[PDB]
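Quick notes on the structure that follows.
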Amino acid sequence: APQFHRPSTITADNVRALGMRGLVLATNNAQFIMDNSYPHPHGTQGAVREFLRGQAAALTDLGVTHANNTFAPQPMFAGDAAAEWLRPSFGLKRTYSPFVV
Amino acid sequence: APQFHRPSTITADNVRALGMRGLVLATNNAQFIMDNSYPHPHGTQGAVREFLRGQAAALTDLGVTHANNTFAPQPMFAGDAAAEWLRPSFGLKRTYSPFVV
Amino acid sequence: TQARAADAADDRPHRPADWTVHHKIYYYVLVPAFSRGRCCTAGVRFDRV
């Protein structure tokens, strides 16, 4: 589990393996004191770059848990078709309700 | 089954036997790479012609599966009736709801 | 175009004389009264359509 009061602890695997619901209360229950005798290897600005590589891979894991809720998203914009010679490519102005009962 | 990445395969018998429910998916799920080692005998413009009689004559098939649904086709206009010598030929504006429970 | 494709037509029409005049009213006049320059035609790929 990552510790959010230390700069050199937050990795990509510590954020992705932790759940999105579990990411809320883990960061809210950290320590106010920031420690500064052993820093993150890419500096103080570089640790924020590494933290955001876990949340971007977490919605793709959240999309699997909600894959039984929505459909397969058909393309949004034209120029995307296999058969472009007898029909056009449509483009979804996605006003639909993606929901599976 | 007609292969949609070679134009030398589309005939009218192969598309009319295919329903229009399934022709939505078969067009978007094909291979993007157009092939050009087997051309068409009516030209490539004639291959589009052979595709669309395959769709138009298939519209009877999607309608015959819904033959327990709509009503009898009323004569839309005058001139379409047998006995003309005392009463006219009506024309029925087909603005109704064709639906049989 | 007519209602009776059974009583078909190549030489003898179905429409009144003012019918195309009415279209000449509707196309040449009224649509420019709403256009302010912004409308244009289209040639149809009915095979694509």
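Scheme for the structure tokens: letters A, B, ... for chains in order shown; per-chain residue numbers from 1; ligand numbers from 1 in order shown.
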
Same-sequence overlay, chain B on chain A, C-alpha least squares, as a PDB file with N, CA and C atoms, in the first residue's frame:
ATOM      1  N   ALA B   1       1.306  -1.634  -0.128  1.00  0.00           N
ATOM      2  CA  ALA B   1       0.472  -0.442  -0.039  1.00  0.00           C
ATOM      3  C   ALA B   1       1.329   0.823   0.016  1.00  0.00           C
ATOM      4  N   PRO B   2       1.125   1.734  -0.934  1.00  0.00           N
ATOM      5  CA  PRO B   2       1.925   2.963  -0.966  1.00  0.00           C
ATOM      6  C   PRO B   2       1.553   3.925   0.155  1.00  0.00           C
ATOM      7  N   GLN B   3       2.593   4.438   0.810  1.00  0.00           N
ATOM      8  CA  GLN B   3       2.447   5.336   1.952  1.00  0.00           C
ATOM      9  C   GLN B   3       2.407   6.765   1.428  1.00  0.00           C
ATOM     10  N   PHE B   4       1.300   7.456   1.687  1.00  0.00           N
ATOM     11  CA  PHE B   4       1.027   8.750   1.080  1.00  0.00           C
ATOM     12  C   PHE B   4       1.724   9.909   1.781  1.00  0.00           C
ATOM     13  N   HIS B   5       2.485   9.654   2.844  1.00  0.00           N
ATOM     14  CA  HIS B   5       3.255  10.703   3.500  1.00  0.00           C
ATOM     15  C   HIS B   5       4.738  10.652   3.155  1.00  0.00           C
ATOM     16  N   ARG B   6       5.152   9.732   2.293  1.00  0.00           N
ATOM     17  CA  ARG B   6       6.493   9.740   1.708  1.00  0.00           C
ATOM     18  C   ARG B   6       6.359   9.695   0.194  1.00  0.00           C
ATOM     19  N   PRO B   7       6.900  10.675  -0.535  1.00  0.00           N
ATOM     20  CA  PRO B   7       6.767  10.652  -2.004  1.00  0.00           C
ATOM     21  C   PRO B   7       7.602   9.582  -2.696  1.00  0.00           C
ATOM     22  N   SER B   8       8.458   8.861  -1.969  1.00  0.00           N
ATOM     23  CA  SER B   8       9.344   7.855  -2.541  1.00  0.00           C
ATOM     24  C   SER B   8       8.704   6.477  -2.616  1.00  0.00           C
ATOM     25  N   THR B   9       7.380   6.404  -2.714  1.00  0.00           N
ATOM     26  CA  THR B   9       6.665   5.138  -2.680  1.00  0.00           C
ATOM     27  C   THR B   9       5.658   5.001  -3.817  1.00  0.00           C
ATOM     28  N   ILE B  10       5.256   6.113  -4.434  1.00  0.00           N
ATOM     29  CA  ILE B  10       4.232   6.086  -5.476  1.00  0.00           C
ATOM     30  C   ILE B  10       4.828   5.551  -6.774  1.00  0.00           C
ATOM     31  N   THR B  11       4.314   4.410  -7.235  1.00  0.00           N
ATOM     32  CA  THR B  11       4.588   3.873  -8.563  1.00  0.00           C
ATOM     33  C   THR B  11       3.258   3.684  -9.288  1.00  0.00           C
ATOM     34  N   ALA B  12       3.327   3.305 -10.563  1.00  0.00           N
ATOM     35  CA  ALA B  12       2.108   3.145 -11.351  1.00  0.00           C
ATOM     36  C   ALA B  12       1.431   1.808 -11.060  1.00  0.00           C
ATOM     37  N   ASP B  13       2.218   0.780 -10.723  1.00  0.00           N
ATOM     38  CA  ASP B  13       1.654  -0.521 -10.379  1.00  0.00           C
ATOM     39  C   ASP B  13       0.925  -0.504  -9.045  1.00  0.00           C
ATOM     40  N   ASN B  14       1.329   0.377  -8.127  1.00  0.00           N
ATOM     41  CA  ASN B  14       0.735   0.384  -6.796  1.00  0.00           C
ATOM     42  C   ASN B  14      -0.574   1.169  -6.772  1.00  0.00           C
ATOM     43  N   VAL B  15      -0.784   2.048  -7.755  1.00  0.00           N
ATOM     44  CA  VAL B  15      -1.995   2.863  -7.776  1.00  0.00           C
ATOM     45  C   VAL B  15      -3.035   2.264  -8.720  1.00  0.00           C
ATOM     46  N   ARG B  16      -2.594   1.643  -9.828  1.00  0.00           N
ATOM     47  CA  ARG B  16      -3.540   1.027 -10.759  1.00  0.00           C
ATOM     48  C   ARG B  16      -4.212  -0.198 -10.140  1.00  0.00           C
ATOM     49  N   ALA B  17      -3.491  -0.936  -9.288  1.00  0.00           N
ATOM     50  CA  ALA B  17      -4.108  -2.042  -8.558  1.00  0.00           C
ATOM     51  C   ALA B  17      -5.115  -1.547  -7.525  1.00  0.00           C
ATOM     52  N   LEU B  18      -5.001  -0.287  -7.106  1.00  0.00           N
ATOM     53  CA  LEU B  18      -5.982   0.323  -6.219  1.00  0.00           C
ATOM     54  C   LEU B  18      -7.157   0.890  -7.013  1.00  0.00           C
ATOM     55  N   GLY B  19      -8.369   0.566  -6.572  1.00  0.00           N
ATOM     56  CA  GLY B  19      -9.547   1.110  -7.208  1.00  0.00           C
ATOM     57  C   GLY B  19      -9.758   2.572  -6.868  1.00  0.00           C
ATOM     58  N   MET B  20     -10.617   3.224  -7.656  1.00  0.00           N
ATOM     59  CA  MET B  20     -10.888   4.642  -7.435  1.00  0.00           C
ATOM     60  C   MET B  20     -11.926   4.845  -6.335  1.00  0.00           C
ATOM     61  N   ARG B  21     -12.713   3.809  -6.041  1.00  0.00           N
ATOM     62  CA  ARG B  21     -13.575   3.825  -4.864  1.00  0.00           C
ATOM     63  C   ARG B  21     -12.768   3.976  -3.577  1.00  0.00           C
ATOM     64  N   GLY B  22     -11.622   3.302  -3.483  1.00  0.00           N
ATOM     65  CA  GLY B  22     -10.789   3.366  -2.298  1.00  0.00           C
ATOM     66  C   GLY B  22      -9.784   4.504  -2.271  1.00  0.00           C
ATOM     67  N   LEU B  23      -9.572   5.172  -3.408  1.00  0.00           N
ATOM     68  CA  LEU B  23      -8.601   6.263  -3.443  1.00  0.00           C
ATOM     69  C   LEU B  23      -9.235   7.570  -2.975  1.00  0.00           C
ATOM     70  N   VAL B  24     -10.557   7.583  -2.825  1.00  0.00           N
ATOM     71  CA  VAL B  24     -11.217   8.725  -2.203  1.00  0.00           C
ATOM     72  C   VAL B  24     -10.863   8.803  -0.721  1.00  0.00           C
ATOM     73  N   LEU B  25     -10.960   7.673  -0.014  1.00  0.00           N
ATOM     74  CA  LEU B  25     -10.748   7.637   1.428  1.00  0.00           C
ATOM     75  C   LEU B  25      -9.277   7.705   1.815  1.00  0.00           C
ATOM     76  N   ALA B  26      -8.382   7.149   0.995  1.00  0.00           N
ATOM     77  CA  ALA B  26      -6.976   7.050   1.373  1.00  0.00           C
ATOM     78  C   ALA B  26      -6.280   8.402   1.294  1.00  0.00           C
ATOM     79  N   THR B  27      -6.859   9.346   0.553  1.00  0.00           N
ATOM     80  CA  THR B  27      -6.257  10.669   0.452  1.00  0.00           C
ATOM     81  C   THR B  27      -6.654  11.571   1.617  1.00  0.00           C
ATOM     82  N   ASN B  28      -7.882  11.442   2.125  1.00  0.00           N
ATOM     83  CA  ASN B  28      -8.342  12.305   3.210  1.00  0.00           C
ATOM     84  C   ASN B  28      -7.998  11.772   4.597  1.00  0.00           C
ATOM     85  N   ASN B  29      -7.532  10.524   4.707  1.00  0.00           N
ATOM     86  CA  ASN B  29      -7.302   9.881   5.997  1.00  0.00           C
ATOM     87  C   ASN B  29      -5.817   9.676   6.288  1.00  0.00           C
ATOM     88  N   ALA B  30      -4.942  10.366   5.559  1.00  0.00           N
ATOM     89  CA  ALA B  30      -3.506  10.172   5.685  1.00  0.00           C
ATOM     90  C   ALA B  30      -2.962  11.000   6.850  1.00  0.00           C
ATOM     91  N   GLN B  31      -1.641  11.147   6.907  1.00  0.00           N
ATOM     92  CA  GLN B  31      -0.971  11.966   7.907  1.00  0.00           C
ATOM     93  C   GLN B  31      -0.637  13.322   7.294  1.00  0.00           C
ATOM     94  N   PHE B  32      -0.963  14.394   8.025  1.00  0.00           N
ATOM     95  CA  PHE B  32      -0.787  15.744   7.495  1.00  0.00           C
ATOM     96  C   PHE B  32       0.686  16.116   7.386  1.00  0.00           C
ATOM     97  N   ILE B  33       1.535  15.496   8.199  1.00  0.00           N
ATOM     98  CA  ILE B  33       2.949  15.853   8.248  1.00  0.00           C
ATOM     99  C   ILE B  33       3.636  15.296   7.008  1.00  0.00           C
ATOM    100  N   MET B  34       4.009  16.187   6.094  1.00  0.00           N
ATOM    101  CA  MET B  34       4.877  15.850   4.977  1.00  0.00           C
ATOM    102  C   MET B  34       6.262  15.509   5.516  1.00  0.00           C
ATOM    103  N   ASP B  35       6.837  14.415   5.029  1.00  0.00           N
ATOM    104  CA  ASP B  35       8.187  14.031   5.411  1.00  0.00           C
ATOM    105  C   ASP B  35       9.167  14.362   4.294  1.00  0.00           C
ATOM    106  N   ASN B  36      10.388  14.728   4.684  1.00  0.00           N
ATOM    107  CA  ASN B  36      11.436  15.069   3.728  1.00  0.00           C
ATOM    108  C   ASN B  36      12.791  14.469   4.081  1.00  0.00           C
ATOM    109  N   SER B  37      12.869  13.152   4.279  1.00  0.00           N
ATOM    110  CA  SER B  37      14.160  12.486   4.381  1.00  0.00           C
ATOM    111  C   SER B  37      14.388  11.475   3.264  1.00  0.00           C
ATOM    112  N   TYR B  38      13.385  11.235   2.414  1.00  0.00           N
ATOM    113  CA  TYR B  38      13.535  10.375   1.241  1.00  0.00           C
ATOM    114  C   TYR B  38      12.868  11.079   0.059  1.00  0.00           C
ATOM    115  N   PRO B  39      13.645  11.709  -0.816  1.00  0.00           N
ATOM    116  CA  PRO B  39      13.061  12.398  -1.971  1.00  0.00           C
ATOM    117  C   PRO B  39      12.744  11.435  -3.110  1.00  0.00           C
ATOM    118  N   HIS B  40      12.344  12.017  -4.241  1.00  0.00           N
ATOM    119  CA  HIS B  40      11.900  11.221  -5.379  1.00  0.00           C
ATOM    120  C   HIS B  40      12.919  11.306  -6.522  1.00  0.00           C
ATOM    121  N   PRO B  41      13.115  10.218  -7.282  1.00  0.00           N
ATOM    122  CA  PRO B  41      14.126  10.245  -8.360  1.00  0.00           C
ATOM    123  C   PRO B  41      13.741  11.075  -9.580  1.00  0.00           C
ATOM    124  N   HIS B  42      12.457  11.175  -9.921  1.00  0.00           N
ATOM    125  CA  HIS B  42      11.998  12.036 -11.004  1.00  0.00           C
ATOM    126  C   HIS B  42      11.680  13.446 -10.527  1.00  0.00           C
ATOM    127  N   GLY B  43      12.143  13.823  -9.338  1.00  0.00           N
ATOM    128  CA  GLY B  43      11.729  15.057  -8.707  1.00  0.00           C
ATOM    129  C   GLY B  43      10.374  14.923  -8.036  1.00  0.00           C
ATOM    130  N   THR B  44      10.053  15.925  -7.217  1.00  0.00           N
ATOM    131  CA  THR B  44       8.742  15.945  -6.578  1.00  0.00           C
ATOM    132  C   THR B  44       7.640  16.275  -7.580  1.00  0.00           C
ATOM    133  N   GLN B  45       7.973  16.984  -8.663  1.00  0.00           N
ATOM    134  CA  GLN B  45       7.017  17.164  -9.750  1.00  0.00           C
ATOM    135  C   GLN B  45       6.840  15.881 -10.548  1.00  0.00           C
ATOM    136  N   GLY B  46       7.876  15.041 -10.604  1.00  0.00           N
ATOM    137  CA  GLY B  46       7.743  13.759 -11.269  1.00  0.00           C
ATOM    138  C   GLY B  46       6.993  12.737 -10.437  1.00  0.00           C
ATOM    139  N   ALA B  47       6.918  12.955  -9.122  1.00  0.00           N
ATOM    140  CA  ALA B  47       6.117  12.074  -8.282  1.00  0.00           C
ATOM    141  C   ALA B  47       4.630  12.305  -8.500  1.00  0.00           C
ATOM    142  N   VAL B  48       4.241  13.538  -8.829  1.00  0.00           N
ATOM    143  CA  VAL B  48       2.855  13.812  -9.195  1.00  0.00           C
ATOM    144  C   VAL B  48       2.545  13.190 -10.554  1.00  0.00           C
ATOM    145  N   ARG B  49       3.534  13.185 -11.459  1.00  0.00           N
ATOM    146  CA  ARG B  49       3.380  12.539 -12.762  1.00  0.00           C
ATOM    147  C   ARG B  49       3.200  11.032 -12.616  1.00  0.00           C
ATOM    148  N   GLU B  50       3.952  10.414 -11.698  1.00  0.00           N
ATOM    149  CA  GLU B  50       3.859   8.972 -11.490  1.00  0.00           C
ATOM    150  C   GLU B  50       2.556   8.603 -10.792  1.00  0.00           C
ATOM    151  N   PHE B  51       1.942   9.566 -10.108  1.00  0.00           N
ATOM    152  CA  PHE B  51       0.660   9.354  -9.450  1.00  0.00           C
ATOM    153  C   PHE B  51      -0.495   9.334 -10.448  1.00  0.00           C
ATOM    154  N   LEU B  52      -0.389  10.099 -11.538  1.00  0.00           N
ATOM    155  CA  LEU B  52      -1.542  10.338 -12.398  1.00  0.00           C
ATOM    156  C   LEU B  52      -1.637   9.372 -13.569  1.00  0.00           C
ATOM    157  N   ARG B  53      -0.517   8.798 -14.008  1.00  0.00           N
ATOM    158  CA  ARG B  53      -0.600   7.588 -14.816  1.00  0.00           C
ATOM    159  C   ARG B  53      -1.142   6.421 -14.005  1.00  0.00           C
ATOM    160  N   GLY B  54      -0.917   6.425 -12.690  1.00  0.00           N
ATOM    161  CA  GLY B  54      -1.487   5.437 -11.796  1.00  0.00           C
ATOM    162  C   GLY B  54      -2.987   5.579 -11.661  1.00  0.00           C
ATOM    163  N   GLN B  55      -3.498   6.801 -11.796  1.00  0.00           N
ATOM    164  CA  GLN B  55      -4.944   6.983 -11.783  1.00  0.00           C
ATOM    165  C   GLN B  55      -5.546   6.755 -13.163  1.00  0.00           C
ATOM    166  N   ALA B  56      -4.892   7.259 -14.218  1.00  0.00           N
ATOM    167  CA  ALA B  56      -5.467   7.179 -15.561  1.00  0.00           C
ATOM    168  C   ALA B  56      -5.511   5.747 -16.083  1.00  0.00           C
ATOM    169  N   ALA B  57      -4.443   4.974 -15.885  1.00  0.00           N
ATOM    170  CA  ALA B  57      -4.471   3.574 -16.294  1.00  0.00           C
ATOM    171  C   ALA B  57      -5.355   2.722 -15.391  1.00  0.00           C
ATOM    172  N   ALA B  58      -5.721   3.222 -14.207  1.00  0.00           N
ATOM    173  CA  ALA B  58      -6.689   2.536 -13.361  1.00  0.00           C
ATOM    174  C   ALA B  58      -8.125   2.765 -13.803  1.00  0.00           C
ATOM    175  N   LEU B  59      -8.353   3.663 -14.769  1.00  0.00           N
ATOM    176  CA  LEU B  59      -9.713   3.925 -15.228  1.00  0.00           C
ATOM    177  C   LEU B  59     -10.228   2.794 -16.105  1.00  0.00           C
ATOM    178  N   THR B  60      -9.324   2.008 -16.692  1.00  0.00           N
ATOM    179  CA  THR B  60      -9.756   0.774 -17.335  1.00  0.00           C
ATOM    180  C   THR B  60     -10.282  -0.220 -16.307  1.00  0.00           C
ATOM    181  N   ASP B  61      -9.685  -0.249 -15.111  1.00  0.00           N
ATOM    182  CA  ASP B  61     -10.100  -1.194 -14.075  1.00  0.00           C
ATOM    183  C   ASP B  61     -11.486  -0.880 -13.537  1.00  0.00           C
ATOM    184  N   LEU B  62     -11.792   0.399 -13.313  1.00  0.00           N
ATOM    185  CA  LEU B  62     -13.124   0.768 -12.841  1.00  0.00           C
ATOM    186  C   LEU B  62     -14.159   0.600 -13.951  1.00  0.00           C
ATOM    187  N   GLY B  63     -13.711   0.579 -15.208  1.00  0.00           N
ATOM    188  CA  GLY B  63     -14.622   0.336 -16.312  1.00  0.00           C
ATOM    189  C   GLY B  63     -14.867  -1.133 -16.594  1.00  0.00           C
ATOM    190  N   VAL B  64     -13.836  -1.971 -16.446  1.00  0.00           N
ATOM    191  CA  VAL B  64     -13.989  -3.412 -16.665  1.00  0.00           C
ATOM    192  C   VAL B  64     -14.852  -4.066 -15.593  1.00  0.00           C
ATOM    193  N   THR B  65     -14.868  -3.530 -14.369  1.00  0.00           N
ATOM    194  CA  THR B  65     -15.845  -3.974 -13.380  1.00  0.00           C
ATOM    195  C   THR B  65     -17.277  -3.598 -13.748  1.00  0.00           C
ATOM    196  N   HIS B  66     -17.467  -2.603 -14.618  1.00  0.00           N
ATOM    197  CA  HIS B  66     -18.775  -2.239 -15.152  1.00  0.00           C
ATOM    198  C   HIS B  66     -18.931  -2.642 -16.618  1.00  0.00           C
ATOM    199  N   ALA B  67     -18.392  -3.801 -17.012  1.00  0.00           N
ATOM    200  CA  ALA B  67     -18.459  -4.216 -18.410  1.00  0.00           C
ATOM    201  C   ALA B  67     -19.774  -4.900 -18.758  1.00  0.00           C
ATOM    202  N   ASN B  68     -20.553  -5.318 -17.764  1.00  0.00           N
ATOM    203  CA  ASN B  68     -21.907  -5.812 -17.984  1.00  0.00           C
ATOM    204  C   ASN B  68     -22.941  -4.693 -17.972  1.00  0.00           C
ATOM    205  N   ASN B  69     -22.498  -3.438 -18.000  1.00  0.00           N
ATOM    206  CA  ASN B  69     -23.380  -2.295 -17.824  1.00  0.00           C
ATOM    207  C   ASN B  69     -23.613  -1.498 -19.097  1.00  0.00           C
ATOM    208  N   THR B  70     -22.572  -1.007 -19.757  1.00  0.00           N
ATOM    209  CA  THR B  70     -22.704  -0.109 -20.894  1.00  0.00           C
ATOM    210  C   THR B  70     -22.733  -0.914 -22.192  1.00  0.00           C
ATOM    211  N   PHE B  71     -22.932  -0.206 -23.297  1.00  0.00           N
ATOM    212  CA  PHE B  71     -23.065  -0.819 -24.610  1.00  0.00           C
ATOM    213  C   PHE B  71     -21.724  -0.828 -25.330  1.00  0.00           C
ATOM    214  N   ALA B  72     -21.756  -1.269 -26.582  1.00  0.00           N
ATOM    215  CA  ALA B  72     -20.574  -1.225 -27.431  1.00  0.00           C
ATOM    216  C   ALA B  72     -20.245   0.223 -27.769  1.00  0.00           C
ATOM    217  N   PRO B  73     -18.969   0.604 -27.834  1.00  0.00           N
ATOM    218  CA  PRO B  73     -18.640   1.980 -28.221  1.00  0.00           C
ATOM    219  C   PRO B  73     -18.905   2.202 -29.704  1.00  0.00           C
ATOM    220  N   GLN B  74     -19.988   2.925 -29.993  1.00  0.00           N
ATOM    221  CA  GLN B  74     -20.347   3.288 -31.354  1.00  0.00           C
ATOM    222  C   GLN B  74     -19.323   4.258 -31.920  1.00  0.00           C
ATOM    223  N   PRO B  75     -19.051   4.198 -33.222  1.00  0.00           N
ATOM    224  CA  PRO B  75     -18.181   5.208 -33.834  1.00  0.00           C
ATOM    225  C   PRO B  75     -18.830   6.583 -33.802  1.00  0.00           C
ATOM    226  N   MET B  76     -18.214   7.460 -33.009  1.00  0.00           N
ATOM    227  CA  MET B  76     -18.746   8.779 -32.702  1.00  0.00           C
ATOM    228  C   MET B  76     -18.754   9.694 -33.911  1.00  0.00           C
ATOM    229  N   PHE B  77     -17.846   9.453 -34.853  1.00  0.00           N
ATOM    230  CA  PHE B  77     -17.594  10.349 -35.964  1.00  0.00           C
ATOM    231  C   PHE B  77     -17.447   9.557 -37.250  1.00  0.00           C
ATOM    232  N   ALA B  78     -17.421  10.288 -38.360  1.00  0.00           N
ATOM    233  CA  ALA B  78     -17.176   9.685 -39.656  1.00  0.00           C
ATOM    234  C   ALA B  78     -15.723   9.218 -39.762  1.00  0.00           C
ATOM    235  N   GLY B  79     -15.431   8.491 -40.834  1.00  0.00           N
ATOM    236  CA  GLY B  79     -14.103   7.957 -41.044  1.00  0.00           C
ATOM    237  C   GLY B  79     -13.782   6.686 -40.286  1.00  0.00           C
ATOM    238  N   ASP B  80     -14.660   6.226 -39.396  1.00  0.00           N
ATOM    239  CA  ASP B  80     -14.403   5.032 -38.594  1.00  0.00           C
ATOM    240  C   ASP B  80     -15.398   3.945 -38.998  1.00  0.00           C
ATOM    241  N   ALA B  81     -15.090   3.267 -40.107  1.00  0.00           N
ATOM    242  CA  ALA B  81     -15.845   2.143 -40.646  1.00  0.00           C
ATOM    243  C   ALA B  81     -15.010   1.520 -41.755  1.00  0.00           C
ATOM    244  N   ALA B  82     -15.265   0.243 -42.041  1.00  0.00           N
ATOM    245  CA  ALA B  82     -14.444  -0.469 -43.018  1.00  0.00           C
ATOM    246  C   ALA B  82     -14.915  -0.208 -44.446  1.00  0.00           C
ATOM    247  N   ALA B  83     -16.146  -0.601 -44.764  1.00  0.00           N
ATOM    248  CA  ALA B  83     -16.671  -0.526 -46.127  1.00  0.00           C
ATOM    249  C   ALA B  83     -17.084   0.915 -46.400  1.00  0.00           C
ATOM    250  N   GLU B  84     -16.361   1.563 -47.314  1.00  0.00           N
ATOM    251  CA  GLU B  84     -16.588   2.967 -47.620  1.00  0.00           C
ATOM    252  C   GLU B  84     -17.061   3.227 -49.044  1.00  0.00           C
ATOM    253  N   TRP B  85     -17.092   2.211 -49.904  1.00  0.00           N
ATOM    254  CA  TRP B  85     -17.217   2.443 -51.338  1.00  0.00           C
ATOM    255  C   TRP B  85     -18.653   2.627 -51.820  1.00  0.00           C
ATOM    256  N   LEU B  86     -19.663   2.263 -51.032  1.00  0.00           N
ATOM    257  CA  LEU B  86     -21.044   2.522 -51.433  1.00  0.00           C
ATOM    258  C   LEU B  86     -21.840   3.314 -50.412  1.00  0.00           C
ATOM    259  N   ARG B  87     -21.620   3.081 -49.123  1.00  0.00           N
ATOM    260  CA  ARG B  87     -22.256   3.793 -48.023  1.00  0.00           C
ATOM    261  C   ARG B  87     -21.193   4.514 -47.200  1.00  0.00           C
ATOM    262  N   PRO B  88     -21.535   5.637 -46.522  1.00  0.00           N
ATOM    263  CA  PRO B  88     -20.488   6.380 -45.811  1.00  0.00           C
ATOM    264  C   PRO B  88     -20.170   5.751 -44.469  1.00  0.00           C
ATOM    265  N   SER B  89     -19.318   6.418 -43.703  1.00  0.00           N
ATOM    266  CA  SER B  89     -19.053   6.062 -42.319  1.00  0.00           C
ATOM    267  C   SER B  89     -19.863   6.996 -41.438  1.00  0.00           C
ATOM    268  N   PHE B  90     -20.780   6.438 -40.659  1.00  0.00           N
ATOM    269  CA  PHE B  90     -21.627   7.254 -39.811  1.00  0.00           C
ATOM    270  C   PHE B  90     -20.847   7.744 -38.602  1.00  0.00           C
ATOM    271  N   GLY B  91     -21.422   8.709 -37.903  1.00  0.00           N
ATOM    272  CA  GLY B  91     -20.919   9.092 -36.610  1.00  0.00           C
ATOM    273  C   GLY B  91     -22.049   9.178 -35.618  1.00  0.00           C
ATOM    274  N   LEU B  92     -21.993   8.348 -34.589  1.00  0.00           N
ATOM    275  CA  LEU B  92     -23.137   8.235 -33.707  1.00  0.00           C
ATOM    276  C   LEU B  92     -22.947   9.125 -32.491  1.00  0.00           C
ATOM    277  N   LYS B  93     -23.821  10.119 -32.381  1.00  0.00           N
ATOM    278  CA  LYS B  93     -23.870  10.990 -31.220  1.00  0.00           C
ATOM    279  C   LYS B  93     -24.256  10.162 -30.004  1.00  0.00           C
ATOM    280  N   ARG B  94     -23.330  10.005 -29.058  1.00  0.00           N
ATOM    281  CA  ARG B  94     -23.519   9.054 -27.963  1.00  0.00           C
ATOM    282  C   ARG B  94     -24.267   9.705 -26.800  1.00  0.00           C
ATOM    283  N   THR B  95     -25.390  10.354 -27.116  1.00  0.00           N
ATOM    284  CA  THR B  95     -26.219  10.997 -26.108  1.00  0.00           C
ATOM    285  C   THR B  95     -27.194  10.047 -25.435  1.00  0.00           C
ATOM    286  N   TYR B  96     -27.070   8.750 -25.676  1.00  0.00           N
ATOM    287  CA  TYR B  96     -28.004   7.749 -25.187  1.00  0.00           C
ATOM    288  C   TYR B  96     -27.748   7.460 -23.708  1.00  0.00           C
ATOM    289  N   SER B  97     -28.401   6.414 -23.205  1.00  0.00           N
ATOM    290  CA  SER B  97     -28.205   5.915 -21.847  1.00  0.00           C
ATOM    291  C   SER B  97     -27.458   4.592 -21.933  1.00  0.00           C
ATOM    292  N   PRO B  98     -26.154   4.571 -21.646  1.00  0.00           N
ATOM    293  CA  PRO B  98     -25.465   3.278 -21.566  1.00  0.00           C
ATOM    294  C   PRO B  98     -25.809   2.522 -20.292  1.00  0.00           C
ATOM    295  N   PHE B  99     -26.726   1.562 -20.415  1.00  0.00           N
ATOM    296  CA  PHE B  99     -27.225   0.793 -19.286  1.00  0.00           C
ATOM    297  C   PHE B  99     -27.871  -0.489 -19.799  1.00  0.00           C
ATOM    298  N   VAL B 100     -27.409  -1.624 -19.274  1.00  0.00           N
ATOM    299  CA  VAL B 100     -27.968  -2.937 -19.575  1.00  0.00           C
ATOM    300  C   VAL B 100     -28.431  -3.563 -18.270  1.00  0.00           C
ATOM    301  N   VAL B 101     -29.719  -3.895 -18.194  1.00  0.00           N
ATOM    302  CA  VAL B 101     -30.300  -4.503 -16.998  1.00  0.00           C
ATOM    303  C   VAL B 101     -29.762  -5.917 -16.791  1.00  0.00           C
TER     304      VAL B 101
END

Within 10 Å of chain B, which residues of chain C show up? Give each one with its shortest atom-to-atom distance in Å (one decimal) and the two atoms involved, counting only C-alpha atoms, rows by chain then rising residue number, as CSV.
residue,atom,partner,partner_atom,distance
C:3,CA,B:77,CA,6.6
C:4,CA,B:77,CA,7.5
C:6,CA,B:80,CA,9.0
C:7,CA,B:79,CA,8.6
C:47,CA,B:48,CA,7.1
C:48,CA,B:48,CA,8.7

Pairwise distance for atom CA of residue C:45 and atom CA of residue C:28, rounded to one decimal in Å: 24.4 Å

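Here atom CA of residue C:27 is placed at a distance of 24.9 Å from atom CA of residue C:9.
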
Alpha helix (DSSP H) call set, DSSP backbone run, stretch 12-100 of chain B, as number ranges by chain: B: 12-16, 20-28, 43-56, 59-64

Atomic distance atom CA of residue C:8 - atom CA of residue C:44, expressed in Å with one decimal: 24.4 Å
